[PDB]
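Let's start with one chain on its own, the form deposited without the partner chain, as structure tokens.
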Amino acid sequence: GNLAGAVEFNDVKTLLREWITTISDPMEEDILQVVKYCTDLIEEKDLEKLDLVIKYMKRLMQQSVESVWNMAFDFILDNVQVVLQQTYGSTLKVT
């Protein structure tokens, strides 16, 4: 739930935005953190958080000029989609 120090909803949007725009290269640990985050809120049943983090991540990875964030997002998105297909059976409409 607590990712990059950020705990609250809009606190996550702000700090993870500044994170993706400053960092030009996410390491595998950074990628796995955001997978675990977007899986945690599925286990905490906060699909409002899923809605936010998916659509807003995409925005940030496109706001970042680096294609490494696009492949990072592709892996994170993929894994978290699968988690929703097992846990709920369906995914949130957002991509």
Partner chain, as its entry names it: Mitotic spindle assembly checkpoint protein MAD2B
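Residue numbers count along the first chain shown, from 1.
Beyond what is shown, the protein has a form solved in complex with the partner chain; the following relates to that form.
- The shortest heavy atom separation between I54 and the partner chain in the deposited complex exceeds 4.5 Å.
- Under a 4.5 angstroms non-hydrogen atom cutoff, the partner chain in the deposited complex lacks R59 among its neighbouring residues.
- For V83, a non-hydrogen atom is located within 4.5 Å of the partner chain in the deposited complex, even though that partner is not displayed.
- The partner chain in the deposited complex is not approached by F9, whose heavy atoms all lie more than 4.5 angstroms from it.
- In sequence order, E28, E29, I31 are the residues of 13 to 31 having a heavy atom within 4.5 Å of the partner chain in the deposited complex; the partner itself is omitted from this view.
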